[PDB]
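# 3D model of this:
(chains A and B)
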Amino acid sequence: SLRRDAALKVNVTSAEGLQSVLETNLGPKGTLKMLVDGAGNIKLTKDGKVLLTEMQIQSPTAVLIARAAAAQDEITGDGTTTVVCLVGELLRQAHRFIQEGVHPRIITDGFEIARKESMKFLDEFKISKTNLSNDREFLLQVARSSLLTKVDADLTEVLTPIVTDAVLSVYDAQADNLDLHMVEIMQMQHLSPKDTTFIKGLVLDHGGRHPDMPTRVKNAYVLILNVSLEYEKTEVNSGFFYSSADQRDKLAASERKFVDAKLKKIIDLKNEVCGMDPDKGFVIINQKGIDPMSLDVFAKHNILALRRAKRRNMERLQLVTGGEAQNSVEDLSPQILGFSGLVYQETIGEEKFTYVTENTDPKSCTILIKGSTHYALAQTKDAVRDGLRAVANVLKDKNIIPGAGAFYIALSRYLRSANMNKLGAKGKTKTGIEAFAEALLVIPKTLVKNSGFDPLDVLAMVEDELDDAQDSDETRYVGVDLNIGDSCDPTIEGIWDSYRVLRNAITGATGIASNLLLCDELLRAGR
Amino acid sequence: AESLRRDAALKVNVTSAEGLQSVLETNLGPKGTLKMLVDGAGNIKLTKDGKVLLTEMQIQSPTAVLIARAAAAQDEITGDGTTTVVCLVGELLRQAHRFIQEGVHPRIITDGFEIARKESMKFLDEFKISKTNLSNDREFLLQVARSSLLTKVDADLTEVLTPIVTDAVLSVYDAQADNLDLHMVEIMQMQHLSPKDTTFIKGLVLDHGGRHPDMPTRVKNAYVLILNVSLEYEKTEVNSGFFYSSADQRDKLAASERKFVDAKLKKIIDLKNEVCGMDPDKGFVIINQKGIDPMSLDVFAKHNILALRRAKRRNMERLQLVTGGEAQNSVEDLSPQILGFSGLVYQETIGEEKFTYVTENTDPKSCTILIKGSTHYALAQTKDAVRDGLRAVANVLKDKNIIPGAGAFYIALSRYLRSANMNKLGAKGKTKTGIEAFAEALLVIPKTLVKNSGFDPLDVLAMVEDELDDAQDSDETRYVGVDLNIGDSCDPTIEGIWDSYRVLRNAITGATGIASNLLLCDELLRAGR
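Numbering: from 1, shown residues only, chains lettered A, B, ... in the order given. Here you go, the structure:
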């Protein structure tokens, strides 16, 4: 009286809706999506994972898709949208086989067999790149892969030297690793995004405000001042008793002698070492505040005074400059002074930034992203953080893979002809391998669809070119050119993808998409 | 003032085609299902013929209208494959509809079919097998006749109709160039006896026979003589009667009615004395299309002369060919050469109707297929199986080429067309996308036969491909086909499953143009009112 429930037709269709959304924004020809919270928050981001965190989906099928990208950002850091396109399209290709009566286990097991065979073809297709530091010229084209995706390509040439020189400056040449936490990103509005420049040192928030402070100081010594220069009180509890206002200044000056005594010891250090020597300077950090009386004292000696510094930024100044933190003025020593180059302070009424740049061994970098609007700050920041992590796996892993659908078209061609020659799996496995082979061709068709060129013509020109290369007995890599619409050589164009990015993308999208077909029924319980 | 376009049709046309496809999908093959269709007539009829299904149902959907016209053209030419073509048109639209979302233009889809159709004719000429016109092929004709019979019945009736259908064509058709005529084979319908007891009739049978208790049951070697004169009393055009009040007036008034009767009757009984008087084991039979008077009933009983009355005019014209005797309008001009020749003549005894067997003739040059059944729907199904069997064998004698069935032609053609364009690469890069849809659409037939039987269509597909791979390495020729009973592959030459060449030749070309025209309509046009 009861037979099964057929099930399905709910998870595949719900996953098809998420694919159509993320199909348009994939690649450098994609689109920039905008989300609205309703409280006044507006964010424009082309990344898939960043958008899924701000979107609530009731369908549990798309929930695991967002959770599948959690391991991609923490490891690969790039290609979150590409993984989603491989999960959705694989379900559409398998949908036709399910209606024919094919059991999903063979469909699931057929994907794992093709996944292990893809790893063998993955090691043959990859190219080993040397660890020499002369590859920076080659790293310029590699950095463009992440940049051209998130922007309109007008700011790519500006951000190309900034992202490239940020990692290589803090990285000595050895195996080691690279740490992107040492690169701080700050933002200031009321300026154009084309003014973005590279900062070698650290940018400080609160700048010195005074007309007589020197703007440019070359070869100045950095000194960390931990004592408070603000108003001080007597070490014992007392009070100010004055009959007239003239008597109050006498009692107030008694407590000011404690600060004035420390200021006389600081100014003596400047004239002691290279006081009258040209091209010399003395700069006081002074994390704590500054009283209004010391502004005129430091102005006569052309000393840069700063106050209200963040505790986190002070830890980097000790590494960049080298000067130790001096708690007491009586214990101040000439060896505490550090080293710095030309320091120029940009004058702006809203904010004033102090440049710590031009140091011998800074071991730090700063990427300053400035834009007038709100979306200009978030869009560029998404491209830099994705650009630093894309190059991160390039220097760590010696293997590099060409992009623009080079590996996707090649692997789909290899797995097609290899299944007929081997025939060691099973006769019913062909349905799982053919579905996986056709699911890899959606990425080159997705990139060209956003450009407007016919995806049918670009598919035929690449397949006809690969067949002519085998008869010529040589190795020639072919890729999809989005600008012209024909094929291209990915080695000459400069489109390259990291090995660790595509390794977890194919493996990750295979295991998550296979688990979706394994669901027999959706149960609602707990309420 | 916008250039945005719509589909609105192809998605509905394929959906309407998939609905009609599933109706005839389970109705195809010997293992298919038999569906009942009754529209307004209260008459139960069960048949698997695809053409009869569409004519008995009124479909408002415009998609099934063109499909209905495709079955009418295949019956008037090929006479078979009505359901197979419908299954090919519907499945081809499914593979073509998936490429529409990709952006494939329907003209290249139609152009890709013409390229694959011309290439299919090259493989069609190599795969076909020429059959000899020799009359020793009756053993091979038994295997071909069962292929058409097993489809429309439960397979229990096939063994009964196997000798009947095979001997029906060979008996009426002498072996020469000539031609064959299926209209010369009579068809009689009877609802009395069960269909398991049906038999073949070599001669001609008639409806109304003579009824007398003393008529002989069996008459061997009887002479057939056509008699056009009335042996029954006749009356004036105006109603009148002869009433006698005395015994003397009885013979006076009755003599006027028997004057024409006695003149012809006395001359007929003289023929029995001069001809066939002494000769034993012979008989004499009178046709007598008109009625019979009660006076001649006693005369025919003493001489054991079989009497007949109320004969069909169309049947008497064929009696001149079977028996050989010419129609005699006047007994005065009757000659001894007018008497024909017939074999054993015996009449079955049934209360409602009676039969007459002219069978066992030297040169009958005619046949009669007697259809028996208990119910009404059993007669309609059996009549459909006989008419489909005669037209299937009709193309066997006309066309010397024969093709094996059971998916042997479709699997080999779908595999050949896929590997032919990859090696040659002489068509186009974009066109081969639509060509693959035509190759995958030819594998639905072997998957449909195993679907009704409950077998895995993917399992039987991989088993055939494994056998074809071993056949490509060796230089010999070995054909592979799907076995529905066992579930594994089979040799179609040993099993005996064969399909006509003319039916399958117009099936590929016919289904190509019908399925292509459905893809050429972008927008449905509603006008005229």
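# show me where the stretch 101-250 of chain A has its strands.
A:127-128, A:183-186, A:198-199, A:203-204, A:216-217, A:220-225 (DSSP state E, counting those that start in this stretch).
# the helices in the stretch 401-527 of chain A, which residues?
A:406-422, A:430-439, A:442-451, A:455-471, A:490-493, A:499-517 (DSSP state H, counting those that start in this stretch).
# adding distance to chain B and mean neighbour count, write these out as CSV.
Any C-beta I mention is one placed from the backbone N, CA and C, and that applies to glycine too. Below are the helices of the stretch 401-527 of chain A laid out as CSV (distance: least, C-beta to the nearest C-beta, whole Å; neighbours: other C-beta atoms under 10 Å in any protein chain shown):
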stretch, distance to chain B, mean neighbour count
helix A:406-422, 9, 17
helix A:430-439, 7, 22
helix A:442-451, 8, 22
helix A:455-471, 3, 15
helix A:490-493, 21, 16
helix A:499-517, 16, 20
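# circling back to that earlier point, could the strands of the stretch 101-250 of chain A be laid out in a markdown table, adding distance to residue A:393 and mean neighbour count?
Output for the strands of the stretch 101-250 of chain A, formatted as a markdown table (distance: least, C-beta to C-beta, whole Å; neighbours: other C-beta atoms under 10 Å in any protein chain shown):
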| stretch | distance to residue A:393 | mean neighbour count |
| --- | --- | --- |
| strand A:127-128 | 14 | 11 |
| strand A:183-186 | 16 | 16 |
| strand A:198-199 | 22 | 19 |
| strand A:203-204 | 28 | 20 |
| strand A:216-217 | 40 | 15 |
| strand A:220-225 | 35 | 22 |
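# closest to residue A:59 out of these?
strand A:183-186 (34.9 Å; C-beta to C-beta).
# just the CA coordinates for the closest one, please, in PDB.
These are the backbone C-alpha positions of strand A:183-186, laid out as PDB (Å, rounded to 0.1, in the frame of the first residue of the first chain):
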ATOM      1  CA  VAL A 183      50.800  44.200   6.300                       C
ATOM      2  CA  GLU A 184      48.300  46.600   7.700                       C
ATOM      3  CA  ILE A 185      45.500  48.200   5.600                       C
ATOM      4  CA  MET A 186      44.200  51.700   6.500                       C
END
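# mind listing what's buried in stretch A:88-99?
When neighbours are counted by 16 or more other C-beta atoms under 10 Å in any protein chain shown, the buried residues of stretch A:88-99 are found to be A:88, A:89, A:90, A:91, A:92, A:93, A:94, A:95, A:97, A:98.
# tell me the spacing between the first one and residue B:149.
Same thing as residue A:88. 50 Å (C-beta to C-beta, to the nearest Å).
# now swap in residue A:450 and tell me
Residue A:450 is 59 Å from residue B:149, by C-beta to C-beta.
# and the stretch 51-200 of chain A, which residues reach chain B?
Proximity of the stretch 51-200 of chain A to chain B, by C-beta under 8 Å from any C-beta of the partner chain, involves residues A:96, A:100, A:101, A:102.
# is it true that the last one touches residue B:458?
Yes - when contacts are counted by C-beta atoms under 8 Å, residue A:102 is listed as touching residue B:458 (5.9 Å).
# mutual contacts of these two, please.
Residues touching both residue A:102 and residue B:458 by C-beta atoms under 8 Å, 6 or more residues apart in numbering or on different chains: A:428, A:431.
# residue A:259 contacts residue A:233, correct?
No - Residue A:259 lies out of contact with residue A:233 (C-beta under 8 Å); the separation is 11.1 Å.
# more neighbours, those two?
residue A:259 (18 against 9; other C-beta atoms under 10 Å in any protein chain shown).
# what's the helix or strand for that one?
Per DSSP states H and E: residue A:259 is located in helix A:245-272.
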